[PDB]
Every structure is written in C-alpha cells, then in structure tokens.
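Text of work_7.cif, listed as mmCIF, C-alpha atoms:
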```cif
data_work
#
loop_
_atom_site.label_atom_id
_atom_site.label_comp_id
_atom_site.auth_asym_id
_atom_site.auth_seq_id
_atom_site.Cartn_x
_atom_site.Cartn_y
_atom_site.Cartn_z
CA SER A 1 107.73 90.66 81.50
CA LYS A 2 106.55 89.96 85.07
CA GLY A 3 105.40 93.39 86.28
CA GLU A 4 103.87 94.26 82.88
CA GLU A 5 102.05 90.94 82.66
CA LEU A 6 99.92 91.88 85.69
CA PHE A 7 98.40 94.75 83.66
CA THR A 8 97.41 93.03 80.40
CA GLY A 9 93.71 92.98 81.33
CA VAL A 10 91.34 95.10 83.43
CA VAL A 11 92.62 95.34 87.01
CA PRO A 12 90.36 96.32 89.93
CA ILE A 13 91.50 99.28 92.02
CA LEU A 14 90.98 100.13 95.68
CA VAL A 15 92.04 103.50 97.13
CA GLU A 16 92.13 104.47 100.81
CA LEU A 17 93.11 107.92 102.10
CA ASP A 18 93.38 109.32 105.62
CA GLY A 19 93.78 113.09 105.62
CA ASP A 20 94.28 116.02 107.96
CA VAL A 21 94.26 119.54 106.52
CA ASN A 22 94.64 122.44 108.97
CA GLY A 23 93.41 119.99 111.59
CA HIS A 24 90.27 119.01 109.64
CA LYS A 25 90.31 115.20 109.58
CA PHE A 26 88.66 113.16 106.83
CA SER A 27 88.84 109.83 105.04
CA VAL A 28 88.20 108.84 101.43
CA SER A 29 87.67 105.41 99.91
CA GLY A 30 87.38 104.61 96.23
CA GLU A 31 87.03 101.68 93.89
CA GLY A 32 87.07 101.18 90.16
CA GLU A 33 88.90 99.58 87.26
CA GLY A 34 92.12 100.21 85.38
CA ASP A 35 93.07 99.19 81.85
CA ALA A 36 96.72 100.01 81.18
CA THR A 37 96.40 98.71 77.60
CA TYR A 38 94.34 101.85 76.87
CA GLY A 39 95.82 104.01 79.66
CA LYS A 40 92.31 104.24 81.08
CA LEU A 41 90.97 104.52 84.62
CA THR A 42 87.41 104.81 85.93
CA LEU A 43 86.85 105.28 89.63
CA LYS A 44 84.30 106.42 92.20
CA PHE A 45 85.43 107.99 95.49
CA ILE A 46 83.39 108.76 98.61
CA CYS A 47 84.21 110.81 101.72
CA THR A 48 83.52 108.23 104.43
CA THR A 49 83.62 110.82 107.24
CA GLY A 50 80.89 113.11 105.90
CA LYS A 51 81.59 116.35 104.01
CA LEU A 52 85.05 116.70 102.45
CA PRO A 53 86.72 119.82 103.94
CA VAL A 54 88.76 120.43 100.75
CA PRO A 55 87.71 120.45 97.11
CA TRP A 56 87.68 117.10 95.32
CA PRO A 57 89.93 118.37 92.48
CA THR A 58 92.70 119.03 95.01
CA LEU A 59 92.87 115.30 95.81
CA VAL A 60 92.92 113.91 92.27
CA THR A 61 96.72 113.52 91.95
CA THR A 62 96.93 111.92 95.41
CA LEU A 63 94.07 109.46 94.74
CA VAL A 64 98.11 104.77 90.29
CA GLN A 65 100.53 105.69 87.45
CA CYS A 66 101.11 101.97 86.83
CA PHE A 67 97.97 102.28 84.73
CA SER A 68 99.58 104.63 82.20
CA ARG A 69 99.77 103.35 78.63
CA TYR A 70 103.42 102.98 77.65
CA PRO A 71 103.67 102.47 73.86
CA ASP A 72 105.69 99.40 72.92
CA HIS A 73 108.66 101.48 71.79
CA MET A 74 108.93 102.91 75.37
CA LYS A 75 108.10 99.94 77.64
CA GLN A 76 111.69 99.90 78.93
CA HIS A 77 110.88 103.17 80.73
CA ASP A 78 107.88 101.93 82.79
CA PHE A 79 109.19 102.01 86.34
CA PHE A 80 105.70 101.74 87.91
CA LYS A 81 104.72 98.35 86.50
CA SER A 82 108.26 97.01 86.92
CA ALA A 83 107.95 97.40 90.69
CA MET A 84 104.89 95.24 90.80
CA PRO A 85 103.67 93.27 92.50
CA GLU A 86 105.55 94.26 95.66
CA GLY A 87 104.80 97.88 94.81
CA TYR A 88 106.30 101.31 95.39
CA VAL A 89 106.13 104.16 97.89
CA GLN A 90 104.96 107.43 96.30
CA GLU A 91 105.73 110.55 98.30
CA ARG A 92 104.79 114.09 97.40
CA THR A 93 104.85 117.69 98.47
CA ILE A 94 102.17 119.78 96.74
CA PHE A 95 102.48 123.55 97.03
CA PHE A 96 99.32 125.52 96.33
CA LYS A 97 100.31 128.97 95.09
CA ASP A 98 99.66 131.64 97.73
CA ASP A 99 98.21 129.03 100.09
CA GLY A 100 99.11 125.89 102.03
CA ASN A 101 100.80 122.62 101.12
CA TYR A 102 100.01 118.94 101.09
CA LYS A 103 102.55 116.28 102.03
CA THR A 104 101.59 112.75 101.12
CA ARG A 105 102.93 109.21 101.52
CA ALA A 106 101.28 106.34 99.69
CA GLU A 107 101.92 102.65 99.16
CA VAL A 108 100.81 101.28 95.80
CA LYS A 109 100.83 97.48 95.50
CA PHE A 110 98.83 94.38 94.71
CA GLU A 111 96.72 92.99 97.54
CA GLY A 112 95.71 89.76 95.92
CA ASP A 113 94.37 90.50 92.46
CA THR A 114 93.51 94.11 93.38
CA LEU A 115 95.74 97.14 92.88
CA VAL A 116 95.62 99.11 96.14
CA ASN A 117 96.68 102.73 96.80
CA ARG A 118 96.86 103.52 100.56
CA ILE A 119 97.60 107.14 101.42
CA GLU A 120 98.27 109.42 104.37
CA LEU A 121 97.87 113.15 103.66
CA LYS A 122 98.90 116.09 105.84
CA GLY A 123 98.00 119.65 104.89
CA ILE A 124 99.17 122.76 106.74
CA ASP A 125 99.24 126.55 106.47
CA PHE A 126 96.01 126.87 104.47
CA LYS A 127 94.01 130.10 104.60
CA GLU A 128 90.54 129.55 106.02
CA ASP A 129 89.11 131.76 103.22
CA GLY A 130 91.53 130.75 100.45
CA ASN A 131 90.50 128.78 97.39
CA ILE A 132 90.99 125.40 99.11
CA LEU A 133 89.38 125.65 102.54
CA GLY A 134 86.96 128.20 100.99
CA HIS A 135 85.84 125.69 98.30
CA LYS A 136 86.35 128.04 95.34
CA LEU A 137 87.57 125.46 92.79
CA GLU A 138 85.44 124.56 89.81
CA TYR A 139 84.35 120.89 89.67
CA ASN A 140 86.56 119.90 86.72
CA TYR A 141 90.13 118.87 85.96
CA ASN A 142 92.59 119.90 83.31
CA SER A 143 95.06 117.96 81.14
CA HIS A 144 98.68 117.93 82.13
CA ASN A 145 102.17 116.62 81.47
CA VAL A 146 103.94 114.69 84.24
CA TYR A 147 107.75 114.82 83.87
CA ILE A 148 109.68 111.72 84.95
CA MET A 149 113.43 111.37 85.65
CA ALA A 150 115.41 108.41 86.93
CA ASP A 151 116.83 108.71 90.47
CA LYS A 152 119.51 105.99 90.41
CA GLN A 153 120.70 106.52 93.99
CA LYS A 154 117.21 105.84 95.38
CA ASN A 155 116.62 103.07 92.80
CA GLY A 156 113.48 104.95 91.79
CA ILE A 157 112.18 107.99 90.00
CA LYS A 158 111.79 111.71 90.61
CA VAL A 159 108.71 113.40 89.14
CA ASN A 160 107.67 117.01 88.68
CA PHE A 161 104.67 118.82 87.25
CA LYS A 162 102.24 121.68 87.76
CA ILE A 163 98.49 121.18 88.12
CA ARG A 164 96.26 124.03 86.94
CA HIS A 165 93.08 124.26 89.03
CA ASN A 166 90.26 126.39 87.54
CA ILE A 167 88.85 128.84 90.10
CA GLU A 168 85.23 130.00 90.09
CA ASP A 169 86.13 133.69 89.57
CA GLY A 170 87.81 132.87 86.25
CA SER A 171 91.35 132.58 87.62
CA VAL A 172 93.67 129.52 87.71
CA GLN A 173 95.65 128.40 90.74
CA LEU A 174 98.79 126.34 90.35
CA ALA A 175 99.60 123.28 92.45
CA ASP A 176 103.33 122.56 92.17
CA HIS A 177 103.96 118.82 92.57
CA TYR A 178 107.27 117.35 93.72
CA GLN A 179 107.23 113.57 93.74
CA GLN A 180 109.61 110.63 94.56
CA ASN A 181 108.82 106.93 93.97
CA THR A 182 110.92 104.10 95.42
CA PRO A 183 110.31 100.34 95.14
CA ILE A 184 109.10 98.43 98.17
CA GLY A 185 110.69 95.17 97.02
CA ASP A 186 114.33 94.33 96.47
CA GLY A 187 114.12 93.01 92.92
CA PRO A 188 115.35 94.98 89.92
CA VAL A 189 113.29 97.85 88.55
CA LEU A 190 113.31 99.77 85.28
CA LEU A 191 115.04 103.14 85.68
CA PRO A 192 113.73 105.27 82.80
CA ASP A 193 115.15 107.84 80.49
CA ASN A 194 113.55 111.24 80.95
CA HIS A 195 110.03 111.32 79.51
CA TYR A 196 106.55 112.45 80.41
CA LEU A 197 103.00 111.25 80.89
CA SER A 198 100.19 113.06 79.09
CA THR A 199 97.01 113.06 81.17
CA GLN A 200 93.36 113.97 80.66
CA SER A 201 90.66 113.66 83.30
CA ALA A 202 86.93 114.25 83.48
CA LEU A 203 85.04 114.64 86.76
CA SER A 204 81.36 113.86 87.21
CA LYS A 205 78.71 112.97 89.77
CA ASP A 206 76.64 109.82 90.29
CA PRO A 207 73.02 111.11 90.34
CA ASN A 208 71.96 108.30 92.68
CA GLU A 209 74.80 108.90 95.16
CA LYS A 210 73.89 110.93 98.26
CA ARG A 211 77.36 110.83 99.86
CA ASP A 212 79.95 113.52 99.06
CA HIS A 213 81.70 111.89 96.13
CA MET A 214 83.64 112.13 92.88
CA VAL A 215 83.42 110.00 89.73
CA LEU A 216 86.62 110.15 87.68
CA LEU A 217 87.53 109.15 84.16
CA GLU A 218 91.21 109.36 83.22
CA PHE A 219 93.41 108.71 80.18
CA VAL A 220 97.19 108.68 80.60
CA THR A 221 99.79 107.94 77.91
CA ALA A 222 103.57 108.02 78.12
CA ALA A 223 105.34 110.16 75.53
CA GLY A 224 108.43 112.23 74.77
CA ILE A 225 110.71 109.23 74.09
#
```
Could you write out this structure as structure tokens?
Amino acid sequence: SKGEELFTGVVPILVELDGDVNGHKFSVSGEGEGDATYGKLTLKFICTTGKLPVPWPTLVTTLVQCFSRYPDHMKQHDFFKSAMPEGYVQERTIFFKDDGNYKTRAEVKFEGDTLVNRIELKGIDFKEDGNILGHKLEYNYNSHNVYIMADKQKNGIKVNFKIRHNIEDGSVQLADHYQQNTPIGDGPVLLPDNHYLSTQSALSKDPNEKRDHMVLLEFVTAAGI
C-alpha cells in the first residue's frame, strides 16, 4: 500500500525545532523510534541552546501522527502515511487560554530511512509571569482525542483538539489547537471520513542526562469509525 508499507517495522525518528517565544530564541533536537503497528513512539529531546524558556509540555504536540495505529477496518482513513514518503506540511495555531499563542509550520517526511519532523515555531503575546513563561506547568501530559476532518479543497485534512495542561496550583489550562495538513507531493492521498485519534503520553527524565531534556512515551490509536 506504498505509504503504509514504510511503517510496517520500527522507523527511526529525528525532530528539529527552531523557536522564538516573546523574543526568547531556542532550538530543540530529538531522536527516537516509532512503531505504527502498535501506535507507539519513544523519543528523547534536548534543548540545544541551553535552558528551554517555555515548559516542555507546551511543545509536545509540536514535536509525527503517521505513527498512529489505524486498525485494519479504518486504514482507508490514514492520510498521514498515504502522503509518505514525500511527506506533508503540518501547520498549527495553538491558543493558550488567557495567555499567548504559538504558530507553527513543520515538514514531516522521510530523509532516507529516517522519518524527520522539521519545525519553525513563533510565539507571541505571552505574559512574562503567566503559566508558560513563568514555568508553572506540571511535568506530565494528559490523554486526549484529536479530531480529524477531510479538507478536499486543500487535498489534505483539518484537525482540531484541546490540550489540558496541569498547572502546579491544581488548575488546568487549555491549549486550543487548530491544525491543517497538506501533502508535499503531487500523488494521490487518502482523504478520510471524520474520526479521531486517542492519545496517551508519559513524560520522564533521563537520570544521566545533564542537558535540559524530555523523554516521551506515547500511544496513539485511531478510533470513532
């Protein structure tokens, strides 16, 4: 099935992000492995510029939905893998409630045998003492549902969801995600029926790592036929 065939085993992942939030510039690199047969991702990310000026949980969505597990009765709805290997552009606006926003543009594609996510991130209008620039997020990640619709005119998909970030004072802050994916190549892609991805993620630290970093484990399965 061409695109799907590229994901039948474990695929190595490389992620590269250049960011600027309220003028604070930073870069992140990550590497790990993806196994779409089990909808499973394991990755380690490092801030290559020193200390990250935002909380790691705020970058999780930005830092490869081609690794979702689509059950066999739904594989006709897997846009992400169908665009491979030429890839897709993934664009987002992320609105943090009562605070600033992220705008992101990424290219996700194979570079040789590696699946590569290259991102540019621009954040504006953050409060210097809000939950983001004030580093008030707990170091954890919740479990969400990512809603996917076909966008025939753009030959891609439109995606919407809300991330719930736990805050150290017991509160929860919403991050409203608006997302558009469009193929890079010219070949035909799968335009899905409406459905959603069910996600779970666990964040941890490498006890031998001295750099500012995040270890991530993720399970993602398509559902909602």
Can you work out which one of A:193, A:212, A:5, A:98 has the shortest atom-to-atom distance to residue A:148, counting all atoms listed in the file?
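Among the listed residues, A:193 lies closest to residue A:148.
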Atom-to-atom span, atom CA of residue A:129 and atom CA of residue A:25, Å:
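Computing the Euclidean distance for atom CA of residue A:129 and atom CA of residue A:25 yields 17.8 Å.
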Near stretch 176-179 of chain A, 8 Å: stretch 80-110 of chain A residue rows, closest pairs, only C-alpha atoms, as JSON lines:
```
{"residue": "A:90", "atom": "CA", "partner": "A:179", "partner_atom": "CA", "distance": 7.0}
{"residue": "A:91", "atom": "CA", "partner": "A:179", "partner_atom": "CA", "distance": 5.7}
{"residue": "A:92", "atom": "CA", "partner": "A:179", "partner_atom": "CA", "distance": 4.4}
{"residue": "A:93", "atom": "CA", "partner": "A:178", "partner_atom": "CA", "distance": 5.3}
{"residue": "A:94", "atom": "CA", "partner": "A:177", "partner_atom": "CA", "distance": 4.6}
{"residue": "A:95", "atom": "CA", "partner": "A:176", "partner_atom": "CA", "distance": 5.0}
{"residue": "A:96", "atom": "CA", "partner": "A:176", "partner_atom": "CA", "distance": 6.5}
{"residue": "A:97", "atom": "CA", "partner": "A:176", "partner_atom": "CA", "distance": 7.7}
```
Store the residues of this selection in a file with C-alpha atoms, as an mmCIF file, in the frame of the given file.
```cif
data_model
loop_
_atom_site.group_PDB
_atom_site.id
_atom_site.type_symbol
_atom_site.label_atom_id
_atom_site.label_comp_id
_atom_site.auth_asym_id
_atom_site.auth_seq_id
_atom_site.Cartn_x
_atom_site.Cartn_y
_atom_site.Cartn_z
ATOM 1 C CA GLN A 90 104.960 107.430 96.300
ATOM 2 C CA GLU A 91 105.730 110.550 98.300
ATOM 3 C CA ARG A 92 104.790 114.090 97.400
ATOM 4 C CA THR A 93 104.850 117.690 98.470
ATOM 5 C CA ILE A 94 102.170 119.780 96.740
ATOM 6 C CA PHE A 95 102.480 123.550 97.030
ATOM 7 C CA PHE A 96 99.320 125.520 96.330
ATOM 8 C CA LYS A 97 100.310 128.970 95.090
#
```
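Of the residues listed (A:149, A:223, A:138, A:214), A:214 shows the shortest atom-to-atom separation from residue A:47; distances use only C-alpha atoms.
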Find the residue from A:66, A:14, A:190, A:133 that sits nearest to residue A:37; use only C-alpha atoms when measuring.
A:66
Please return the centre and edge lengths, in Å to one decimal, of a box with edges along x, y and z that contains all listed atoms of stretch 172-188 of chain A, widened by 4 Å on every side, as lines of an AutoDock Vina configuration file.
```
center_x = 104.5
center_y = 111.3
center_z = 92.9
size_x = 29.7
size_y = 44.5
size_z = 18.5
```
Write out as a list in words the residues lying within 10 Å of residue A:225, counting all atoms listed in the file and excluding same-chain residues fewer than 2 positions away.
residues 71, 73, 74, 77, 193, 194, 195, 196, 222 and 223 of chain A
Find, counting only C-alpha atoms, the residue in A:12, A:185, A:112, A:19 that gets nearest to residue A:34.
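Closest residue, counting only C-alpha atoms: A:12.
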Using only C-alpha atoms for the distances, tell me which of A:166, A:142, A:221, A:200 is nearest to residue A:55.
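For residue A:55, the nearest of the candidates is A:166.
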For the file shown, report as a PyMOL selection string the outcome of the PyMOL selection byres ((chain A and resi 114) around 8) at residue level.
chain A and resi 11-14+110-113+115-116
Could you state which residues are captured by the PyMOL selection byres ((chain A and resi 46) around 8) in this file, as a short mmCIF file (atom, residue, chain, number, x, y, z; two decimals) with C-alpha atoms, keeping the file's coordinate frame?
```cif
data_model
loop_
_atom_site.label_atom_id
_atom_site.label_comp_id
_atom_site.auth_asym_id
_atom_site.auth_seq_id
_atom_site.Cartn_x
_atom_site.Cartn_y
_atom_site.Cartn_z
CA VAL A 28 88.20 108.84 101.43
CA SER A 29 87.67 105.41 99.91
CA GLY A 30 87.38 104.61 96.23
CA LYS A 44 84.30 106.42 92.20
CA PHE A 45 85.43 107.99 95.49
CA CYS A 47 84.21 110.81 101.72
CA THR A 48 83.52 108.23 104.43
CA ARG A 211 77.36 110.83 99.86
CA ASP A 212 79.95 113.52 99.06
CA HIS A 213 81.70 111.89 96.13
CA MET A 214 83.64 112.13 92.88
#
```
